[PDB]
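Read the structure below first, then the notes.
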Amino acid sequence: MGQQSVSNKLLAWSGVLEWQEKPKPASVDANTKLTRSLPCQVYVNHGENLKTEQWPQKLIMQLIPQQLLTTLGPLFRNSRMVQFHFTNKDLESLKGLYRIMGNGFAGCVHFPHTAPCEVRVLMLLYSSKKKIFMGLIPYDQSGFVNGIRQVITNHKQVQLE
């Protein structure tokens, strides 16, 4: 008798996703004081449940360009899929986030480095024309990050169709 905003999904684990305002990870000023964190709820199949007993409530998300997601083509499709629900209060607070992921950007989430917790990377995507969010949980986290950080290093290379 709690979070039942979904009809074809079941409450898995809700948490506050933090994310600052930044154009790209290449920006030298990537580290800003503008820290906008919005509440997100992760759902799953009927009955199904993930390992989130002592998981962190505050996750660190990073707004990155989708143009780089290409390098993670086979790395994306080969990942889990969940339902993300943003339950905030203010309007602009959330609307501002839509202007970001709405343009076509990916959200790389990472776990904290304080307590002993299984480090894992979770991708976030905004579904337009439906008003919903989909969470991508890639099995290979080590191969993901490496590619997400190396994708910007291979920017130099070019080519023409």
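Residue numbering restarts at 1 in every chain; chains get A, B, ... in the order shown in the structure tokens, and ligands count up from 1 in that same order.
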
| said: Applying 12 Å and only C-alpha atoms, which residues near residue 132 (chain A) remain after dropping the ones on its own chain fewer than 6 positions away? List them as number ranges by chain. | reply: A: 6, 40-42, 82-87, 98, 101-102, 124-126

Distance table requested - region 11-95 of chain A against region 114-122 of chain A, cut-off 12 Å, only C-alpha atoms: one row per qualifying residue with the closest atom pair and its distance in Å to one decimal, ordered by chain and rising residue number, as a Markdown table.
| residue | atom | partner | partner_atom | distance |
| --- | --- | --- | --- | --- |
| A:17 | CA | A:122 | CA | 11.1 |
| A:42 | CA | A:122 | CA | 11.3 |
| A:51 | CA | A:118 | CA | 10.1 |
| A:52 | CA | A:117 | CA | 10.4 |
| A:53 | CA | A:117 | CA | 10.9 |
| A:54 | CA | A:117 | CA | 8.4 |
| A:55 | CA | A:117 | CA | 7.1 |
| A:56 | CA | A:117 | CA | 8.2 |
| A:57 | CA | A:117 | CA | 12.0 |
| A:58 | CA | A:114 | CA | 11.7 |
| A:59 | CA | A:122 | CA | 9.5 |
| A:60 | CA | A:121 | CA | 9.7 |
| A:61 | CA | A:122 | CA | 8.7 |
| A:62 | CA | A:122 | CA | 10.5 |
| A:76 | CA | A:122 | CA | 10.6 |
| A:79 | CA | A:122 | CA | 9.5 |
| A:80 | CA | A:122 | CA | 9.5 |
| A:81 | CA | A:122 | CA | 10.2 |
| A:82 | CA | A:122 | CA | 10.5 |
| A:84 | CA | A:122 | CA | 11.7 |

Next, write the just-selected residues to a file, as a tab-separated table (two decimals), in the first residue's frame, keeping C-alpha atoms as the atom set.
chain	number	residue	atom	x	y	z
A	17	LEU	CA	19.30	10.71	-8.45
A	42	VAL	CA	12.83	1.96	-10.24
A	51	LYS	CA	19.48	-6.68	-4.86
A	52	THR	CA	18.72	-3.37	-3.15
A	53	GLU	CA	18.65	-4.14	0.58
A	54	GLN	CA	21.38	-1.75	1.71
A	55	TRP	CA	21.93	-0.01	-1.63
A	56	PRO	CA	22.66	3.74	-1.68
A	57	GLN	CA	19.72	6.14	-1.89
A	58	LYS	CA	21.74	8.96	-3.46
A	59	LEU	CA	23.18	8.06	-6.86
A	60	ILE	CA	25.52	10.16	-9.01
A	61	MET	CA	24.24	10.70	-12.56
A	62	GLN	CA	26.12	12.31	-15.45
A	76	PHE	CA	23.44	-0.92	-24.57
A	79	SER	CA	21.54	-4.61	-20.80
A	80	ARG	CA	18.54	-4.91	-18.48
A	81	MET	CA	15.47	-2.68	-18.75
A	82	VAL	CA	13.44	-1.09	-15.95
A	84	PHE	CA	11.86	5.03	-13.96

| Could you pull out all residues of chain A with a DSSP call of strand (DSSP E) and give them as JSON, numbers by chain? | {"A": [10, 11, 12, 13, 14, 15, 16, 17, 18, 19, 20, 35, 36, 37, 38, 39, 40, 41, 42, 43, 44, 58, 59, 60, 61, 62, 63, 64, 65, 79, 80, 81, 82, 83, 84, 85, 86, 105, 106, 107, 108, 109, 110, 122, 123, 124, 125, 126, 127, 132, 133, 134, 135, 136, 137, 138]}

| Contacts of region 28-39 of chain A at 8 Å or less, counting only C-alpha atoms, minus same-chain residues fewer than 4 places along, as a PyMOL selection string? | chain A and resi 14-24+86-88+93-94

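The interatomic distance for the pair CA of residue 127 (chain A) and CA of residue 70 (chain A) works out to 18.0 Å.
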
| request: Tell me which protein, DNA and RNA residues are within 12 Å of residue 74 (chain A), counting only C-alpha atoms, leaving out same-chain ones fewer than 2 positions away, and put them as a PyMOL selection string. | output: chain A and resi 69-72+76-79+138-140+143-144+147

| query | Counting only C-alpha atoms, which of A:100, A:26, A:134, A:44 gets nearest to residue 148 (chain A)? | reply |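 Of the candidates, the smallest distance to residue 148 (chain A) is held by A:26.
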
| query | What does the distance from CA of residue 108 (chain A) to CA of residue 123 (chain A) come to in Å, to one decimal? | reply |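 Straight-line distance from CA of residue 108 (chain A) to CA of residue 123 (chain A) works out to 4.8 Å.
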